[PDB]
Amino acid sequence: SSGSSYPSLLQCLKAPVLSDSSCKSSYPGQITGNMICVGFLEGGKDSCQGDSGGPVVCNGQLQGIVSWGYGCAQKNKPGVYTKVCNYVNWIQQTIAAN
């Protein structure tokens, strides 16, 4: 959380899907219906710069895409991810037309 250390080896982290409450209360007026928070409010565990665009897989399903947050692993500042379950139709249509 303090510095710049980019690994050569793929890193892993298991985190839970946080409720809407914890997500919206962490970023007032900044969370839309296409975002979900996954992480720990106590900070210390989180995705960071470089992990962007990466996968958040839950129960064998891609539920999130590393998107944004305020810094990395700061307390009460969990990462926010694109809510993939709203984009299946878009993904399908796009793949079929290209």
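Residues carry their position along the shown sequence, with the first being 1. We call the rigid core the largest set of C-alpha positions that still match within 1.5 Å between the two forms.
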| item | value |
| --- | --- |
| Between 88 to 96 and 2 to 10, the one whose CA atoms sit farther away in 4 other deposited structures of this protein (rigid core aligned) | 2 to 10 |
| Which of 71 to 79 and 9 to 17 has higher mean CA B factor, as the PDB entry lists it | 71 to 79 |
| Selected stretch [higher average CA B-factor]: 61 to 69 or 24 to 32 | 24 to 32 |
| Modelled-residue ranking by C-alpha temperature factor, third containing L41 | highest |
